[PDB]
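Below you will find one chain, with nothing else, as structure tokens; this is the form solved without the RNA, and questions on how it binds or moves follow later.
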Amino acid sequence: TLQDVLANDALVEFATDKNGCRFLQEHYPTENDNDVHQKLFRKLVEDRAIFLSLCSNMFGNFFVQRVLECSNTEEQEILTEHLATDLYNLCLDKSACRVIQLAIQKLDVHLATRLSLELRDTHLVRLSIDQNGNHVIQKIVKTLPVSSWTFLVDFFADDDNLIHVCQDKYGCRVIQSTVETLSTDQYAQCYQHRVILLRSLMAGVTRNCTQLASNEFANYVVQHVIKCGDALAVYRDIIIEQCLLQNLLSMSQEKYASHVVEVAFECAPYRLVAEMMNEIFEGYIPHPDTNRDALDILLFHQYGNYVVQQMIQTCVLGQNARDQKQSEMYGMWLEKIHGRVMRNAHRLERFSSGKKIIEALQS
């Protein structure tokens, strides 16, 4: 019946139907030299408006994906030009962005490079925070070489663009994908190119870390820097030392930055764990009277109590350190925290968080 739909010119009438597009998708000739394959491709790409309306459709996008799977480089050139005419609005659509991601996966690397470079002068903040275009940006970053999307790094060297993209549910995933792609397989490249691009990102992260860590979604970027080791570990310490120190008590009382403080207490080396512990303990936040200590504030706080729990967990896991001085220092820190909890234990038992802390000190 495929020759019947070739003769009646009802390729739109099948692809705009669920059963019709399933019939086109199942019986599509995978061989490029087939006559029915060539005829169906020609009927697909005769009208650019018809092709782009089929990409933007609930069902016909699957037929466009099936054509894109069974494609040689000439067909890929035709489809690349047709998509690049309206690429930016194609990524914003729920349907056509699937076609764009399969294009980034399955086209030749110069054609997908052309598609990635067609986005370099568009509203990339809107595309990164979009419900649908964020997957296209992530697919471009994770799939294509860095030279195909280096402009994105250049787009994120602006602080306003980095803050606007990071402070969003979808754009923070874009920033995480870019950071995770650039950091991977460093010190196996013999030159510092991805290192310079990653430094260009991390300088903007470092200069804006207090605003990013206190945000609902932009704190995930900071936790991604701290939690991931390897080439990001050197940046982790920087965020601990230049941005988080002298600010532990304020961020630990904050709704979203307390997560960053927990992740920093979890992942820091002993060098920075020592300075963070001495800031929380009898160091900064001095209270030069009979007012509350920083640990006294964080014990009875709805978000700082998890920072105290992470301090307990860090010291418990750090008693088994290979170094003896580090092990006795983690033990002394846990003694300090345990003594301060046991001082206020009868007060802490009246609340859920304090009961959780006391049960954590049990086990």
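Numbers for residues come from their place in the sequence shown, where the first is 1. Just so we're on the same page, rigid core means the largest C-alpha set that superposes within 1.5 Å between forms.
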Notebook entry, point to check: On average, which has the higher Cα B-factor in the deposited entry, 130-138 or 90-98?
Noted result: 90-98
Next item on the list: Would you determine, from the values in the PDB entry, which of 3-11 and 353-361 has the greater average C-alpha temperature factor?
Entry: 3-11
Check: Among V316, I337, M58, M329, which residue carries the highest C-alpha B-factor recorded in the PDB entry?
Finding: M58
Check: Per the coordinate record, which of the options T290, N219, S71, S258 holds the highest CA temperature factor?
Finding: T290
Margin query: Please say which third, lowest, middle or highest, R42 falls into when its CA temperature factor is compared across its chain.
Written below: middle
Next item on the list: Could you say whether, by C-alpha temperature factor, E81 belongs to the lowest, middle or highest third of its chain?
Entry: middle
Next item on the list: Report the third (lowest, middle or highest) to which the CA temperature factor of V225 belongs, ranking only the modelled residues of the same chain.
Entry: lowest
Margin query: What third of the chain does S53 rank in for C-alpha temperature factor, lowest, middle or highest?
Written below: middle
Next item on the list: Divide the modelled residues of the chain into thirds by Cα B-factor and specify which third, lowest, middle or highest, holds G283.
Entry: highest
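Another form exists, solved in complex with the RNA; not displayed. Remarks below refer to it.
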Check: Can any non-hydrogen atom of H301 be found within 4.5 angstroms of the RNA in the deposited bound form?
Finding: yes
Note to self: Check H287 for me: does it contact the RNA in the deposited bound form (non-hydrogen atoms, 4.5 angstroms)?
What the structure shows: no
Notebook entry, point to check: Taking the shortest heavy atom distance, is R98 within 4.5 Å of the RNA in the deposited bound form?
Noted result: yes
Note to self: With a cut-off of 4.5 Å between heavy atoms, is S147 one of the residues that contacts the RNA in the deposited bound form?
What the structure shows: no
Note to self: Quick check for you: of 114-122, 273-281, 195-203, 162-170, which stretch puts a non-hydrogen atom within 4.5 Å of the RNA in the deposited bound form?
What the structure shows: 162-170
Next item on the list: State the residue from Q309, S53, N34, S327 whose non-hydrogen atoms include one within 4.5 Å of the RNA in the deposited bound form.
Entry: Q309
Note to self: Can you pick out, from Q313, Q319, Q65, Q38, the residue that has a heavy atom within 4.5 Å of the RNA in the deposited bound form?
What the structure shows: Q65
Next item on the list: Please state whether all three residues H135, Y220 and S352 have a non-hydrogen atom within 4.5 angstroms of the RNA in the deposited bound form.
Entry: yes
Notebook entry, point to check: in the deposited bound form, which residues of 29-64 put a heavy atom within 4.5 Å of the RNA?
Noted result: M58, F59, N61, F62
Next item on the list: With the core superposed, find the residue in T206, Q186, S214, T150 that moves its CA 2 Å or more between the shown form and the other one.
Entry: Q186
Item checked: CA of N278, rigid core aligned, shift of 2 Å or more between the shown form and the other one -> no
Note to self: My question is whether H287 is one of the residues whose C-alpha shifts by 2 Å or more between the shown form and the other one, given a fit on the rigid core.
What the structure shows: yes
